[PDB]
Amino acid sequence: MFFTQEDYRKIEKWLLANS
Amino acid sequence: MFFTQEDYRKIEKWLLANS
Amino acid sequence: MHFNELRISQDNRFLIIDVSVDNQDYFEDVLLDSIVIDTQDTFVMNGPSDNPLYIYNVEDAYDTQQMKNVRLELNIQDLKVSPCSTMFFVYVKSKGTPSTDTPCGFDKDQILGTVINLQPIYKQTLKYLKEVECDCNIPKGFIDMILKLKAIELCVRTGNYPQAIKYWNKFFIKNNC
Amino acid sequence: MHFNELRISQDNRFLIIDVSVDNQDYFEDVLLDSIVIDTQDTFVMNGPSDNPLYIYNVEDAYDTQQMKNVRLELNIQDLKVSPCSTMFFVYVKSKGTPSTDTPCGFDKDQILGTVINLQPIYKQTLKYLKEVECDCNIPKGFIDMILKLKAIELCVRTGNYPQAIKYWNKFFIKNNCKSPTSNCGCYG
Amino acid sequence: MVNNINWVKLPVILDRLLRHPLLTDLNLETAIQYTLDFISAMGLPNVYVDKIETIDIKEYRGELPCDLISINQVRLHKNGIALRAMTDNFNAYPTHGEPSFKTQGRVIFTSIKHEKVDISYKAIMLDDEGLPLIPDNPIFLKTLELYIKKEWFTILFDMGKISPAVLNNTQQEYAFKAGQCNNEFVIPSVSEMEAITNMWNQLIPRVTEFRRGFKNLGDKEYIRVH
Amino acid sequence: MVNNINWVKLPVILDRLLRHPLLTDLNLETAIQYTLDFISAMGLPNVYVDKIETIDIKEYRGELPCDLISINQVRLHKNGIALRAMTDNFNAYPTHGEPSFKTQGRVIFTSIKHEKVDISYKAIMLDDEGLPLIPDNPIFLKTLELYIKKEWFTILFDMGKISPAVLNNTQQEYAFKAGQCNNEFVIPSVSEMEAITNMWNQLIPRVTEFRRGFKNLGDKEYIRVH
Amino acid sequence: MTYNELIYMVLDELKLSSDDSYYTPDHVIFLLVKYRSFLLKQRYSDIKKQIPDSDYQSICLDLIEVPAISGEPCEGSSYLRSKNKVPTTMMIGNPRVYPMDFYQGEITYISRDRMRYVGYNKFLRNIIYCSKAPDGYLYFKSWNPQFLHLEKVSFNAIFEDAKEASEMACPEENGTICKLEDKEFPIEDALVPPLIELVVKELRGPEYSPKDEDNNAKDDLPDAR
Amino acid sequence: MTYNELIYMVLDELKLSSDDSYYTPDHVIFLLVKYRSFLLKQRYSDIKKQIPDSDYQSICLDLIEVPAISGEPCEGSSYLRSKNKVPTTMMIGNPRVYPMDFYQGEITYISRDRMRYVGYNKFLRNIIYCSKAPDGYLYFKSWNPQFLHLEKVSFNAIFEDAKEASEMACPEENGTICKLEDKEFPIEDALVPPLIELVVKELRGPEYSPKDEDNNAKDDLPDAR
Amino acid sequence: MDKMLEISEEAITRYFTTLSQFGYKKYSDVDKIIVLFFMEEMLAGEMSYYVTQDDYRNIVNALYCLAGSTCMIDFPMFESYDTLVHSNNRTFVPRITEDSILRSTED
Amino acid sequence: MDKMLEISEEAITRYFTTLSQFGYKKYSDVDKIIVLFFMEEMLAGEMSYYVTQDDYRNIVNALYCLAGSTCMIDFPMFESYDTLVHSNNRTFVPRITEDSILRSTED
C-alpha cells in the first residue's frame, strides 16, 4: 500500500471535520 | 485512492487506541 | 461481486454498466457502494484517482435487495470524453462485511472493469480484409494490429494497466467511429 | 443445463464449480445427479473414468431449486494435485427426464467442462510481451505462446480432448507457481 | 542492363554447386552467407528492389525503414525538393540554408525540425521465407557458383585438401566471370542509352536534375527553329 | 558511402571465422582486439558516431569527453566561430589574435581563458555491453574476417604450422578486400556528389567554410541573371 | 555385408574355430571397429575425396528440451538435446541431421566452437544448429522458438565407432535387429580386404604366443610356457 | 570405448591372463596414458589439424577466492582458484573453461606469462582470464569485481594425463563412475591401433625376459636365471 | 458458423504437427493462421453484431484468399448436389397423336 | 507498496544467481537494478511524503520501462478479473407475449 500527499490531506481534513 | 466510510472509522479507531 | 454486462452501447452513445453482488450464502450482508469511472489520463494504480471522470453513489437512486443490483446507462457525450478513443476504467465498491465462513481470498471489496469501443477495431479489420481481397496478400499492419490487441489483452488480464495505456495511446489512439 | 462459473482461484487454492440447469420450462423434472472431477492422467474417451479424482452426489443433501443449482469450492491441496500443472475435467450428470417436444440435442443428460490455470501461462507470455513493441522483428515468442494457448482452447471447444492432453503435456505440464499458503493471510 | 531480373529461389544455386563432388557438404545456411557476401561485393544496383517510403522528422531526426540498405534520394514531402549530404558539423546544436540529411543507423539526421520527408531507398528482394531471392541470370548464377566454390576451395587449400593448381584455376575462372558479370548488369540497354544520349547532348546544359528526382535526366533537349 | 551503416554485434564475425576449422581457438576476447585494430588501420570516418558536446574552459584548459577519439571541429559557444590548430609555442605563458586549440589527452588547450566551447567529435558505437559494434556490410565483414585470419595465420606461420603458400594466399586476399573495403566506405553517394559538385563549381569561390561548421560547403552557388 | 560375415572371415582366416580359443569374437569386433576408423581416417583425411554411401550410418534420436544450465530465469534460452549420448562423428564425410526425410529440412551440424556464436545474421535466425557437446549429447540451438517443438531427428554421418551407431539405428520396415551380428557393417567393399588383413596381422602373432599356463603362484612366461 | 576395453585388449594381446603375472594392469594403464599423450603430440604438434571430439575431456572445478600472496592490504587484488590442482593441458586443441554451458559464457584460458598482463584494454576489462599457475591450481583474474562470485566452472581440453582428468570429470546424469575402468578413454578410434601396438611392443620384450628368481643373497640376472 | 471452428482447429493442428516433424514453418503462413483464428474469434464473439450482409460477403471473400494459400488451410467442402450443366429427366408423353394449332402436346 | 520490495528482492537474487553461474552481468542492467531499488527505498522512506498522484503516475510509468528490459525484472502480476471484451450473462424474460408502445418488455 502507498499513500500520496492527497490521501493524507483527505485523512487529516476528515479527522478535523469531526473533532 | 477513494476512501470508504468504514476506512475513516478504521483510521479514527486506530488513532484512539492510543487514547 | 461481478459484472453482468460492461460495454459501450452499439449506437456509440451510452456506456452500459450492470453490476451485481455474488449470490453465495455468505454475502447477504454485502451490498454495493459506489461506481467510479476513470479514463486513461486519470488512471492510477492504488484505486480510483482523485478528480475522477464520474462518481456515482447507489443510496441516492433507491429509496435491501435493490442495492445488490445496479444498472447504469451513462450518456458518453455528457461525460465530455470521446467514445471512440477512450478507455474507461469502472471501479465498484461494497458497503458490507461478509460472514466469518468466507473462504480465503473471496473477500475482495473492490473490482475493476476496462472498457473500449470495439467499433473502430471492427472497421479497421474490415479495411484490412478488403485490402486482403486484392492479390490475396496479408498486410503486415494487419498482423501488427492483431498482435498489439493481444498484447493489450494480456496487459489487462494480468493487471498491468499502465503498459496497456501506453500501448493504447501509442498504437490505437487515432480511431474513426 | 450449463455452467455458470468454472475457474481455479487466482490464489491457487480453490477449484470453483457453479453449475445450474437451464431455466427453460421443459427442464423441471431434470435434476443434478453427481459431479465427477477428473484429471488429464485419468481421462477416458466416453464418460468419466472408473478411477476419478473426486465424486460428489448432489442428492445427499436437502431434498427443488436447491438441486437445480449447485456450487463446489474444492480445496486443491485436499485433492493432492498441483493447481497449475493439472487440467481438470468436470462431468455433471443429470437425474430426470426432460418433458417431450423439446428440440433434439438439448436433452443431453451430461456435460463436460475443462479447467486450467491461465496464470502461469500469462507469466510465460509476459516474458515475450515486449517483443510486440520492437519493429523489424517478428514477435516469435509472443506468437508461439498465443498459438500454444489457442491450441488447447480450440481442441477443448471442438471436443478433441485427447489432442488437448497431448498439447497440454507437451506445452504446459512443467508450469510452476507459488503454492497456496496453508495458513491463511490477513487482508481485505 | 539488357536482360530482365527474373527472380528465383536460393537453392537454385545449390542445384548447380552440388554437381561438384567436392562441394557436397554445402548447405542453404552456407549459401545464404556467401550469397549475401557476393551481392555486396559486386554492388550491382539492379539486384535491389527500389522502394519509396515517407517518414516524419521529430526534431532533426527521423526513424528509418527496417529493410533499408542504401538511399537513392531524400526529399521534402510538401515541396518535392531533394536533400543533399550534410557537411555541417553542428547541425541541430545551437549557439548562445538549404535542407540536407545524414544517415548512420536506423536514424536519419536532417537539418529540418518538423517535416515529412520522402526516402527512395533500395532493399533486397525476399522470398516467401524471409530469405534472399537471387536473379536467375546464368551469368550471375555461374559467378555466384564460382564465388562459393572459390571460398570453399580456399578453406580446403588452407587445410591442404586441394592442390594449389586447382585453387589457382578456380580463382582465374571466378575472376573472369566476375568481370563479365559486372559488365552484364552495368552496360546500358537501348532505352538506357537513349536516356544517356538525351543526358549527353544538350546545347543548353541541364545541371539541376538533383533538385528533381532525376526525373528529367534522360529527357530530350528540344531547340525551337528560328 | 553508398550503403547505410546498419550495426550488428561483434560475434557476427565469429559466426563466419569459425567456419574455418583452423580458426576454432578464436574468441570474443581476440575478436575485440583485432576488430579495434582493423577499425583503426582502415581509418574510415563512417564507422564512428558523430557527437557534439559542450565543455567549459577554466584557464586555457578544458576537460575532454570520455569517449572522444577524434575532433571534427571546436568552436566558441556564444559566437559559433570555429577554432584552428594552435601553432603558438608559449600559448598561456605570459611575458614580463584569433582563437585556436590543441588537444593531447583528456585535456584541450585553447587560447581563451574562460569560455564555453562546442566540440564536434567522433566516438565508437557501443553495444548494450560496453563493446564495439561493427557494420554489417558484408564487404566490411569479409575484410575483417580476412584481417583476423591473416593475423592468426601469421602467428601459425611463425610457428611453422601453416604452409607459406597458405599465408601468401591469405595476404593476397586480405589486401584485395582491404582496398575494396576502403573504396566502399569512401566513394561518395549521389547526395554526397551533389554536395561535392556544389563545392566544386563556384564562379565566385567560397573559401571560408571552416569559420562555419562547413555548413555551406555543399550549398549551390547561385548567380543572378542580368 | 553384415558384422557376422566380417567377424567369421577374420575368425576363419585365423582358424579360431574351437570354443576353447583365447581370442573370442569379441576381440574381433573390437579390432574391426577400431581398424575401420583407422582406415577411414587414412583414406579420407589427406585430401578431399568422394566418400561412398557404405561408410555412413543413420542413428535415430529423440529430442528433449533442457535448460541451458539450470532452471534459473537469467541462465539463457533453453536447448533441445538427444535423450541418449550420441557417437562422435569423424570429420571426413557429410554429417547431416534430418527430420526423418533426408531429402528435406535444413538442420545444420556444426562444430561445438562455432555453435557458441550462430544465428546473429538476420537471415540465419531460423536455422537449427546441431553439435555434440562435451557432455556426449547432441545439442540443438536456434533463435526461432518453433525449434523447441521438434521431437525426432535422424543423424546420418560417418560415425567414429560403428558399434555405438549400430546400436542406435532407426527401426527398419520389418523391425529392429536385436543382434549386432545381423546388422550391416559400415564400410565400403574396397576397404574390406585391407581391414581384414590388418586385423589378421594384428591377431596372427598373438594367436601362437605362449601362455602362463601352469597354476603355481609363479610367472611362467619367461620360460615360454 | 572405456579404460577396461583398451586395458584388456593390451593384456590379451600380451596374454597376461594369470594373476601371477609380473606385468599387472597398472603397468598397462600407465603405459596407455603416457603413449596417448605421446601420440597426440606426434600427430597434432607439427602443423595444425582438426582435433576430434574424442581427445577432449571435461574436468569439473569448484572455485574459491584466495589472496594474491597473503591477507595484506597492499598485496594486490585477490583471485579465484580451483580448490584442487588441475591437470596440465596439452597445447594442441581448443582449451576452454565454460560456466556449465559450453555454448555460453566467455572465460578465456591463456598462458601463465600472458596473464601477468591482461585487462588493460578498456574493452577487455570484463573478460575472465584463466591459467594454471606453477602451484598446480587454475587461477582466475579479471578487473570486474563480479568475477569473484563465480562458484563453479567446467574445463574442457585435451589434458596431458587422461587418468588425472578422468578422476575429476563432472557427474553424469546417472551419477559418478567410481571405477576408472568404467570411464571412457580420451582418444580417437583412428589412434587406438597405433597406441595398442606401441604399448604391446613396449611390454612384449620385457614379458619374456628373465628374473632374479632365486633367493640366495646374490644377483642372478647375468646367468639368465 | 461451426465451420470456422473446424478450419481453425485443423489449421493449428497441422501447424503444430509441422513444428513437431520439422522445427520451422514459414511465418508468412503463421500470418495466415493468425488472421484465420482472429477472424474466427471475431465472428464467434461479441463483435458479430456489427456485421451486415455486405460485410459478410467481404469477410468470406477475404477469407477464401487463405483457402489454398498454404497446406494448413484447405478449401472447405459443403454438401452440394449442383453443377454448371444439369441433367434433364423430363419425359415426352403425347396425347393420341395430337397437336395444338402450332405445336405438339402432352398430358 | 509491499510489491516494489518483492520486485527488488527478486531482481537482486537473480543478479547474484547470475554472478554465481557466470562471472559477469551487463552493467546496463546493473543500472536498471540501481534505479529500481533506489526507487524502492525512496518510496518506502521519509521521502514518500513529497509524492502527489501526478508524481505517482509518472513514477509508475517510468518504472514500467524497466519491466521487460532485463531478465532480472519481470512484469508484475496483479489479481485481475477483467478483459477488453466482457461476457454478457443477462437473461431475456418476456411478460405474457407483451410489448410496450414501441418495444418489448420483461420482468
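Residues numbered from 1 in each chain as written, not as in the entry; some residues may be left out. Chains lettered and ligands numbered in written order. Part of a larger assembly, values for the part shown. Heavy atoms only, no water.

- Method-wise, the PDB entry is recorded as coming from cryo-EM, at a reported resolution of 3.21 Å.

### A look at the interface of chain E and chain F
It is common to report an interface's size as the accessible area lost on association of the parts.
And then number 1: Taken together, the contacts link 48 residues of chain E with 53 residues of chain F.
And then number 2: Taken as a group, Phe90, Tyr93 and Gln104 of chain E account for 18% of the area that chain E buries against chain F, more than any other trio of residues on that side.
And then number 3: Applying the counting criterion to the chain E and chain F interface returns 6 salt bridges.
And then number 4: Ionic pairing is found between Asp219 of chain F and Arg84 of chain E, a salt bridge with its closest N-O pair at 2.9 Å.
And then number 5: Connecting chain E to chain F are 22 residue pairs in polar contact.
And then number 6: In terms of residue class, the side of chain E that touches chain F is built from 21 nonpolar, 17 polar and 10 charged. (Contact = heavy atoms within 4.5 Å. Buried area = accessible area lost by both parts, 1.4 Å probe. Salt bridge = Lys/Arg side-chain N within 4 Å of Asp/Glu carboxyl O. Polar contact = N/O pair within 3.5 Å; in protein donor to acceptor, adjacent residues only side chain to side chain. Nonpolar A, V, L, I, M, F, W, Y, C, P; charged D, E, K, R; others polar.)

### A short note on the pairing of strand 4 (residues 70–76) of chain E
Residue and element names in this part refer to chain E.
And then number 1: Of all 7 residues making up strand 4, 6 are buried, and the element is well covered by its neighbours.
And then number 2: Two strands pair when backbone bridges link them, and strand 4 and strand 8 (residues 116–124) are joined in this way by 6 bridges, in the antiparallel orientation. From the neighbouring strand, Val74 faces strand 8, where its bridge partner is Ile119. (Buried < 20%, exposed > 50% of the residue type's maximum accessible area, 1.4 Å probe, protein only. Helix = DSSP H or I, 4+ residues; strand = E, 2+ residues; numbered from the N terminus. Pairing = 2+ DSSP bridges.)

### Some thoughts on a nonpolar patch on the surface
And then number 1: A grouping of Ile12, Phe16, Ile34 and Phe37 of chain J is seen on the molecular surface, where their side chains present a nonpolar patch of about 330 Å² in accessible area.
And then number 2: On the secondary structure map, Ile34 of chain J appears in helix 2 (residues 27–43). (Patch = residues over 30% accessible without salt bridge, like charges linked within 9 Å, V, L, I, M, F, W, Y side chains within 5 Å. Areas by Shrake-Rupley, 256 points an atom, 1.4 Å probe, with all protein chains shown as cover.)

### Description of the packing of aromatic side chains
And then number 1: Under the counting rule described, the total for this entry stands at 58 aromatic pairs over all chains.
And then number 2: Taking the centre distance of 5.5 Å and the plane angle of 55° together, the rings of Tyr167 of chain D and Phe16 of chain I count as tilted. Within this pair, whereas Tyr167 of chain D is found in helix 5 (residues 161–171), its partner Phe16 of chain I is found in helix 1 (residues 3–21), the two belonging to separate chains. The pair formed by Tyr167 of chain D and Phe16 of chain I is uniform in burial state, with each residue classed as buried.
And then number 3: Both rings, one in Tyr147 of chain E and one in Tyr174 of chain E, keep their centres 5.7 Å apart while their planes meet at 65°; by these two values the pair is edge-to-face. One end of the pair, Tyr147 of chain E, is in helix 3 (residues 138–159); the other, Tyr174 of chain E, is in helix 4 (residues 164–186), with 27 residues separating them in the sequence. An identical accessibility class is assigned to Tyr147 of chain E and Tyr174 of chain E; each is buried.
And then number 4: By the ring-pair criterion, three or more aromatic residues cluster together here, those being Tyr167, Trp168, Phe171 and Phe172 of chain D together with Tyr15 and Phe16 of chain I.
And then number 5: For the cation-ring pair, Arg81 of chain H lies above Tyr137 of chain H, with the distance from its terminal atom to the ring centre recorded as 3.9 Å.
And then number 6: Taking the ring centre of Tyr137 of chain H as reference, the NZ or CZ of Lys85 of chain H above it sits at 5.4 Å. (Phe/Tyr/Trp six-rings, centres within 6.5 Å; stacked < 30°, edge-to-face > 60°. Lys NZ or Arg CZ within 6 Å of the ring centre and 35° of its normal.)

### Here's the deal with the relation of the copies chain E and chain F
And then number 1: When chain E is fitted onto chain F, the two copies agree to an RMSD of 0.0 Å after a turn of 30° and an axial shift of 0.0 Å.
And then number 2: Little of the interface of chain E is mirrored in chain F, where only 6% of its interface residues are also at the interface. (Least-squares fit on C-alpha atoms.)

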